[PDB]
2 protein chains.
Amino acid sequence: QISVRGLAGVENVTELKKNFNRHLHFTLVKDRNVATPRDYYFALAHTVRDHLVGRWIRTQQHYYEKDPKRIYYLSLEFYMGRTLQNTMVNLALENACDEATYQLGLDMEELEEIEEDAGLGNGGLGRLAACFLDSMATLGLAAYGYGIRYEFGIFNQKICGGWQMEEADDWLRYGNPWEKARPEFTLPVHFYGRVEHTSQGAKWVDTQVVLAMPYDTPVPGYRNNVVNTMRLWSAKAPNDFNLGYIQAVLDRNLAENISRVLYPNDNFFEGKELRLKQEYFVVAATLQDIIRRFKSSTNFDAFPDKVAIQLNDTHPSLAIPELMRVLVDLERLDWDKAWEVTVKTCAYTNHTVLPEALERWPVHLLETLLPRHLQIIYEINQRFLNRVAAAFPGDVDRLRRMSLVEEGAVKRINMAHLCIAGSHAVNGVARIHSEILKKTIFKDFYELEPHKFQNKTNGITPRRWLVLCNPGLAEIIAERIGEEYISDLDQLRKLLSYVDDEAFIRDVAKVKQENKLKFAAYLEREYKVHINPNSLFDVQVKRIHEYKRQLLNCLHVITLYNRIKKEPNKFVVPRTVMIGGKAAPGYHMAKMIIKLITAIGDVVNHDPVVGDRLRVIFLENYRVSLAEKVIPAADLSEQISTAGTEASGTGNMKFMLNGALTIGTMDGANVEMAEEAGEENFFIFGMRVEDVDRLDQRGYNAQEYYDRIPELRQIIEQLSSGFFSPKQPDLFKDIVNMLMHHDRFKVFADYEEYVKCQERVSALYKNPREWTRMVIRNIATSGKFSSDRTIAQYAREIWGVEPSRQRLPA
Amino acid sequence: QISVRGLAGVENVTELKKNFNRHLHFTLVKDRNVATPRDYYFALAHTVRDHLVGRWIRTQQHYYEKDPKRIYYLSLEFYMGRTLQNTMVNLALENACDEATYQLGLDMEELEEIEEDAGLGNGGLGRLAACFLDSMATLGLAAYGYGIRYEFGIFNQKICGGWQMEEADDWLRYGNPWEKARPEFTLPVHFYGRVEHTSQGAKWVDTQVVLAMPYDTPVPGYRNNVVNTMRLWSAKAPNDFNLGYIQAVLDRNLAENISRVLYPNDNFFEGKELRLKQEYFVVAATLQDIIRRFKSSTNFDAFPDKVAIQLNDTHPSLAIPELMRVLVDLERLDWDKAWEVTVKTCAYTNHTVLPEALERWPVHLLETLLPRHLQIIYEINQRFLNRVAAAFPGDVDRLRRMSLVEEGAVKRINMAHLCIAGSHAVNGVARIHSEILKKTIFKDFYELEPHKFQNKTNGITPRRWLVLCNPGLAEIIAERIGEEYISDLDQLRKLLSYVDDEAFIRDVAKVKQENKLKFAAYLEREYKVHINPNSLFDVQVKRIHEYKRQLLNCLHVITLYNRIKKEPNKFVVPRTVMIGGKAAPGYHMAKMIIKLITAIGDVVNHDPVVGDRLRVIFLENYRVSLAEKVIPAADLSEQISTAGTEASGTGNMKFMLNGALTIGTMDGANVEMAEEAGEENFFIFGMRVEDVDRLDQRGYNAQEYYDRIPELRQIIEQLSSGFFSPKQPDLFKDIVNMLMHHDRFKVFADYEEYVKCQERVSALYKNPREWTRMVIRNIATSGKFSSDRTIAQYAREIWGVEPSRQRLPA
Ligand SMILES: OC[C@H]1O[C@@H](NC(=S)N/N=C/c2ccc(C(F)(F)F)cc2)[C@H](O)[C@@H](O)[C@@H]1O
Ligand SMILES: OC[C@H]1O[C@@H](NC(=S)N/N=C/c2ccc(C(F)(F)F)cc2)[C@H](O)[C@@H](O)[C@@H]1O
Ligand SMILES: OC[C@H]1O[C@@H](NC(=S)N/N=C/c2ccc(C(F)(F)F)cc2)[C@H](O)[C@@H](O)[C@@H]1O
Ligand SMILES: OC[C@H]1O[C@@H](NC(=S)N/N=C/c2ccc(C(F)(F)F)cc2)[C@H](O)[C@@H](O)[C@@H]1O
């Protein structure tokens, strides 16, 4: 059908058809008279996965022979989404399978909708890990993703009476065709116990043992025949566990609860024991696996030449004292050599600046659970602080500021401080975030070791986030500039010479229109909701957090509503305002914001005077599969965090690549995005970081804004008095009180500029030719935000390895 | 190699070889350089199972088209053992796979040792269910086994310092190639709640829901291309279960614990709530599945013409009030018609007479867990007792004796009484057991409804228990009489005309010798134990129970030891005495008996004066796979339960078929076995049932025996004084006290006759030609004890369906 989806050869199509029927019969034990759509999906899935195995076996064989330096990417989250289409795309099988299934009398797109998301992450950090794995395979690096196989991923979100309900994401219910259990490689992980000191050093004894069972999932590169591995650990009780009889067997559950569920509280650090166990479990199992592989290459001096470990935030920070423990206690290296090896091996990526998100584990927890690790941490702290003392003699306050141990009511370990001390590199995830690290939160560490601090601006994979989710746009671009850009996204610059091309303009706008019709249909079909596809699609999708300022968007929405009611017979650009995202189950304010959004929808969507000039829809259960649908259909991307709070953002980049214009603050990656496209091609508004700092100095007084902006006052009055909650008039009192008296994120301060800027957006949209021309200049300059570029920078500047675009033999 | 194992055709062998390699690559994701023996087993397993699927799909298709009457065999236990060899045997693939694996450079027998036992049963009742499924498929009946998929089966037994230790049987750890999950057919099961009465009848409301997920396993007939289904239910939490957040997800475990583990307490009824839940779970899910299938045939008058439900003991007795509940409350049939349908549908098999084993559920349990079922049971009881009153007017004691409700401290439901009331047939499992039911324990019910009471003497499958475990014996028989006997075991009578055939005599004795060498080797290899293979193999294998009198065997063993020590230079027939079996974890006396056996071994096996004339070995972890090894190697089968206590026994029959002579009491099936072979060809001793009754009348005084038998006194003195426990002299005080003052099973009363009879055994064994001739007359008359015969009797006399030896088209 379309070019970039590969060849549908006669030989291939005939082969796919017969293997499909083979799987239906032998694998699924069905025949065509009993088979459901789900059976058909599984048959296709097995037919496709057959094509990975030879490539997977010989890639891993290749790494054994050539013995390159290995990259280990440690994360507690991998937000993978669906795998079928991604695999077809990366193997050039998409048109062939489409044809084969067509001739079998099936619609492949319908089968694709049956696959569950692998929802093993919360948001940006988890999705970043998934994009990175894809780029690492595409760039031919010998890379492994290591994490936990959660039985339950991020909860499915139901909206009930306007309110979020959570339900278990039982994603493994029907089986996972993309994993291979490897029970033969099961490893023991130890907990509790005590430390004994002997003549021959320390020994960790009387431990409880939990088994770590690995499951491998393939990660195919883009048409280079490379298939890397993601290894996820599952928790298993040992067989003499608790071993009246019946109870002992039932208590095996306690051990296995370690990998049962993903923590969804991305807002607020909770020092929960189960979470600590999860963090140690992935680290202990992974490091044994690493050392095993290394020993199959006594000389640990070569360890850093052969191993790189990337720590995705502080969640796997225990890798540092765990590597030390192994090297010192088990291999009997001396401390200094062990430390040298550890530092050269580990690197740390920070993904936030919000204080309440930082991991600070109570000492009494580490004492009971990991007694030997606390001792190692204490020793690291002493030696580190001795280095600080010698560099800044007499600076006693620096010492307490830099300590890994925080004193107070409860003593705590600062895991970020541990990571910086024990890593040769520390990076932020966009240029302004990295500068903020060096200037404010890790200033003392930067002064001590400026060489450690780097930037690696985030990216997204153009395979999933263009080719897969927006084939129409991929095709019209391919027609003009060829297919090479898919794995060299900088080529999109060549599109600049088409900004005045009437045909291209028409094609870009047509692709968008089709995307909007497709999504407007999806809404009616799966959610019985009626939207006008000629309106501007105004979309904000991301986790619900105060810093992300979904509330500022709410304020604009009500402003538009009030202006319509005021001058009903005046013309305004019609909008469909879509907001979506999950709230952490314990985050009251975020749950209230969701309720507000639905409450507004309830008023706005049923007002006859509004007609269909304004619609407000809450997008339920936002997740990778839904992002792949809504992003290609968007016209306006809302990226409106208070400057200084969004470390990078990556959703922003997905919208840019897919032909939406951006309204945003100079925050995170938005800055670099505006820089690449030109500030004239971006709707920038609001305080910069410096203005925020100024405001904090004087003190932020929300009342000032309320007193001087009558349009804002009106909104606040409506909220208080119960205009949006007729039956519970004080329903939103918490929200109003927060905005008026304790708003950490200065919602009111940006209100005027935001509304003004929104007027400029509406103006441009009235001129379709000029809207589309600006869109073209965005797409054309989105090349920098490919994760191939990000990963090539990690490889060269942190891990010390050269990427390669060369094919392995098929 | 050997005939009965089928053809190894050039085309077949080449096909098996390539499918093996296909599976190794695509299914296991290995290549020959990394593959372990386990990988090889799995590749063969997948290669073999491929041959079942077409047969499985068309058998079930056939039953849909022809719509025969369906047999549902309900059991909480299916002791299946291993499946690979059984499948090859039933499909005629054994020689072909042996060849194919040979040419691949593998030993198939070694691969077969890798498969775990499906240990989903305790002993005889569970193994009976497995033999029955095999015969039902072999006889072409449209039959389904329904049960629970336990995550953990019967525990593995470790012997530590002479003592039993239990460890979890994690049989699913590496995956089960013989099952197919069917999540699409998941059904809800309800618990707790309350009953509401409306105008439109009773309604069961406010229930907790647990999901039942079926797993199907094939059951192939012997070379007839029939493949029936065993469906096992697994417990799953519903997705809004408990739905702070983290805990809610972790508590899903509570629902799923229902199918976690098999109860191993075969000795003593424990009214544990979890066990009741298991019993209801299998019943509720199964009956919905049955009704579903029936409705795909309002007219429930045809229900008994289309459905038979066999209840394996009282464990699924809740099927009776559950069928009533559905028919009355949900389909709105009137009580009398519902009852008529239920009775004609259900039949009950009793597997014991021991009072402490009978299920008597406290009313307060059924009240909380199954409030509607208690009401239904009460109503059944009233109507039943009204029938009793009318038949035996004024007999008030009969009324209280026959009631389903037992009064007392705690009111209880007698589940056996429920089963008899609600079934059209009640059978025992051997002729003497069935007579005992009618004369003693169910006398009142027999007087009321004599037509209900039947006998169906147990059997074993000659596929597993001859062809599979003893190919050498199967072959030498096949040479003389052909292969037809394998599915028509009565043909073995033809062997009588060979009792004086010198060649046959020589061949029978040679097969036994090879079996003993093979087992003597297995012992040395896997357990570093040294046995003389020229000795008489004296074997008692079965669960450890007082009624089974492993203690009487212990007494004989010590007698032989004492007689040797007394006259060291006298000749005696050398013996290897092997005893094995698991004890229920809470059964103290049974655990003490195991300790005694090992303790004796410790003394006897290290006495230089004994040499190798006497060895005592405890066979660890007795289970189906071990039975398949030890039974063909046995010379003497010990079947020595107190007369009246072993309902049938089936191990007895396995030994008979495999060329061991039997020493036994006239108990259970032993009677019919002696009757078939001739009492001259059997070593019968001890009290008959009548003698036991007499002894109880006068009162059993153990002291009498102790006073009159000096050889017995000596043994008791040795036990008391600590001869077998030098470091803990009073270790066996419990055992001695039990024997002297509270022996329910009259061990001493049979002592003299037993020892005497054992002398007669030793005498015969000195004359090999005559030993073997008697062996031939046993094998030749073991035809009656085939489960094909047993099942043909159930089919004709209970279920009303005709068996068929006709092939389905391949
Ligand atoms: O879902 C049912 C079960 O299947 C099992 N898979 C087995 S037996 N073969 N896999 C083969 C395989 C082939 C190719 C690939 C891929 F995609 F190319 F990489 C992955 C796996 C899984 O181990 C188990 O966890 C799972 O629950
Ligand atoms: O760099 C990629 C993206 O990273 C994001 N950081 C995220 S998602 N941190 N998650 C923290 C977290 C903490 C605890 C937990 C929990 F619950 F304990 F399991 C889960 C997540 C940035 O906010 C974004 O600007 C950036 O683009
Ligand atoms: O062990 C890995 C997993 O495999 C799954 N099997 C799947 S996907 N195909 N089965 C095909 C099949 C073919 C033939 C037969 C047989 F023997 F002819 F009857 C049985 C099953 C199981 O459903 C799951 O419970 C299990 O854990
Ligand atoms: O007919 C076949 C054989 O059946 C046997 N009966 C057995 S095994 N009953 N099990 C009872 C039992 C009770 C409770 C439990 C438990 F633990 F709650 F789960 C398990 C088993 C007879 O004793 C034998 O003579 C006969 O040959």
Side-chain angles (χ1 to χ4, degrees), chain A residues 45-46 48-53 55-56 76-77 83 87 121-129 172 174-183 215-218 227 262-270 272 275 278 312-313 315 349 351-352 354 357 359 429-430 433 458 543 545 547 584 641 645-652 668-669, chain B residues 26-29 42 46 76-77 121-129 175 177 181 262-270 272 275 278 312-313 315 349-352 354 357 359 429-430 433 458 543 545 547 584 641 645-652 668-669:
Chain A
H46 282 78
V48 169
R49 93 183 188 174
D50 278 339
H51 296 273
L52 288 163
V53 303
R55 290 162 168 107
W56 202 11
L76 265 88
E77 296 186 19
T83 297
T87 308
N122 280 286
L125 169 156
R127 200 333 109 176
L128 189 74
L172 295 166
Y174 294 95
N176 176 14
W178 311 109
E179 71 188 5
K180 181 60 185 71
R182 299 290 196 196
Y215 286 75
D216 294 348
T217 289
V227 185
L262 168 76
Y263 276 82
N265 50 293
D266 66 338
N267 67 309
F268 180 79
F269 173 67
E270 274 173 75
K272 295 281 162 275
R275 168 68 169 189
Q278 293 185 332
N312 196 22
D313 216 308
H315 319 143
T349 306
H351 296 271
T352 193
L354 280 207
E359 297 192 290
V429 289
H433 168 58
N458 282 164
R543 291 292 291 258
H545 204 296
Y547 88 86
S641 54
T645 62
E646 192 73 83
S648 168
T650 55
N652 51 182
Chain B
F26 294 97
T27 301
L28 298 181
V29 194
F42 275 105
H46 282 78
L76 265 88
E77 296 186 19
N122 280 286
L125 169 156
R127 200 333 109 176
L128 189 74
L262 168 76
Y263 276 82
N265 50 293
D266 66 338
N267 67 309
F268 180 79
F269 173 67
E270 274 173 75
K272 295 281 162 275
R275 168 68 169 189
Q278 293 185 332
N312 196 22
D313 216 308
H315 319 143
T349 306
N350 173 275
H351 296 271
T352 193
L354 280 207
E359 297 192 290
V429 289
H433 168 58
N458 282 164
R543 291 292 291 258
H545 204 296
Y547 88 86
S641 54
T645 62
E646 192 73 83
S648 168
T650 55
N652 51 182

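The figures that follow rest on heavy atoms only: side chains count, while hydrogens, waters and symmetry mates do not. Here is the naming used below: chain letters follow the sequence lines, and residue numbers restart at 1 for every chain. Every number for a ligand or one of its atoms is a count from 1 in the order of the listing.
- Protein heavy atom in closest approach to atom 13 (C) of ligand 2: A:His315 NE2, 3.8 Å.
- The distance from the CG atom of A:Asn458 to the CZ atom of A:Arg127 is 12.5 Å, given to the nearest 0.5 Å.
- At least one heavy atom of B:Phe26 lies less than 4.0 angstrom from ligand 1.
- Atom 18 (F) of ligand 1 has as its closest protein heavy atom A:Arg49 O, 3.2 Å.
- When every heavy atom of A:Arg182 is checked against every heavy atom of A:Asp216, the shortest pair comes out as CG-OD2, 3.8 Å.
- Taken from CZ in B:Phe269 to CZ in B:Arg275, the straight-line distance is 8.5 Å, to the nearest 0.5 Å.
- A:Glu270 has its side chain out of reach of A:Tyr263: every pair of non-hydrogen atoms, C-beta onward, lies at least 4.5 Å apart.
- Of the options B:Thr27, A:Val48, B:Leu28, the smallest heavy-atom separation from atom 9 (N) of ligand 1 is shown by B:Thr27.
- With B:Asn312, B:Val429, B:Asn265 as candidates, the residue nearest to atom 14 (C) of ligand 4 on a non-hydrogen basis is B:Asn265.
- Heavy atoms of B:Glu359 come nearer than 4.0 angstrom to ligand 4 in no pair at all.
- Between the CG atom in A:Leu52 and the CH2 atom in A:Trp178 there is a gap of 7.0 Å [rounded to 0.5 Å].
- Close N/O approach between A:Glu179 and ligand 1 is found [any backbone or side-chain N/O within under 3.5 Å].
- Under a 4.0 Å heavy-atom criterion, A:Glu77 is in contact with ligand 2.
- At a heavy-atom cutoff of 4.0 Å, ligand 4 is contacted by no atom of B:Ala584, backbone or side chain.
- Taken from CD in B:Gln278 to NZ in B:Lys272, the straight-line distance is 13.5 Å, to the nearest 0.5 Å.
- With a 4.0 Å heavy-atom cut-off, ligand 2 is reached by no atom of A:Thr349.
- Of the N and O atoms on the side chains of B:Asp266 and B:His545, not one donor lies less than 3.5 Å from an acceptor on the other residue.
- Taking any N or O of A:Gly649, backbone or side chain, at least one lies under 3.5 Å from an N or O belonging to ligand 2.
- Scanning the protein heavy atoms around atom 22 (C) of ligand 2, the nearest turns out to be A:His351 O, 3.3 Å.
- Under a 4.0 Å criterion applied to the non-hydrogen atoms of B:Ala647, ligand 4 contributes the atoms 25 (O).
- Taken to the nearest 0.5 Å, the CG atom of A:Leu128 stands 11.0 Å off from the CG atom of A:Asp313.
- With a heavy-atom cut-off of 4.0 Å, A:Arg543 does not touch ligand 2 at all.
- Under a 4.0 angstrom heavy-atom cut-off, B:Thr352 registers as lying outside contact with ligand 4.
- Within the 4.0 Å heavy-atom shell around ligand 2 one does not find A:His433.
- For atom 8 (S) of ligand 2, the closest non-hydrogen atom on the protein side is A:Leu125 N, 3.3 Å.
- For A:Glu270, no heavy-atom contact with ligand 2 is shorter than 4.0 Å.
- A donor-acceptor pair under 3.5 Å is absent between the side-chain atoms of B:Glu77 and the main chain of B:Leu125, judged by distance alone.
- Residue contacts with ligand 2 include A:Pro264, since one or more of its heavy atoms lies under 4.0 Å from the ligand.
- Looking from atom 23 (O) of ligand 1 to the surrounding protein, the closest heavy atom is A:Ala181 N, 2.8 Å.
- Counting only heavy atoms of the protein, atom 20 (C) of ligand 1 lies nearest to A:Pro177 O, 3.8 Å.
- Below 4.0 Å from some heavy atom of A:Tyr547 lie the following atoms of ligand 2, by number and element: 23 (O).
- The two residues A:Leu262 and A:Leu76 make their nearest non-hydrogen contact at CD1-O, 4.3 Å.
- From the protein, the heavy atom lying nearest to atom 2 (C) of ligand 2 is A:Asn458 OD1, 3.4 Å.
- When only non-hydrogen protein atoms are considered, atom 19 (F) of ligand 1 lies nearest to A:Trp56 CZ3, 2.9 Å.
- Heavy atoms of B:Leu262 found under 4.0 angstrom from ligand 4: none, in either backbone or side chain.
- For atom 4 (O) of ligand 1, the nearest protein heavy atom lies 4.0 Å or farther away.
- Contacts with ligand 1 closer than 4.0 Å are made by backbone heavy atoms (N, CA, C, O) of A:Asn176 only, the side chain lying farther away.
- A:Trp56 contributes atom CH2, which lies 9.0 Å from atom NZ of A:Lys180 (distance to the nearest 0.5 angstrom).
- If you check which protein heavy atom lies closest to atom 24 (C) of ligand 2, you get A:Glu646 OE2, 3.3 Å.
- In this structure, the side chains of B:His433 and B:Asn350 come closer than 4.5 Å at one or more pairs of heavy atoms.
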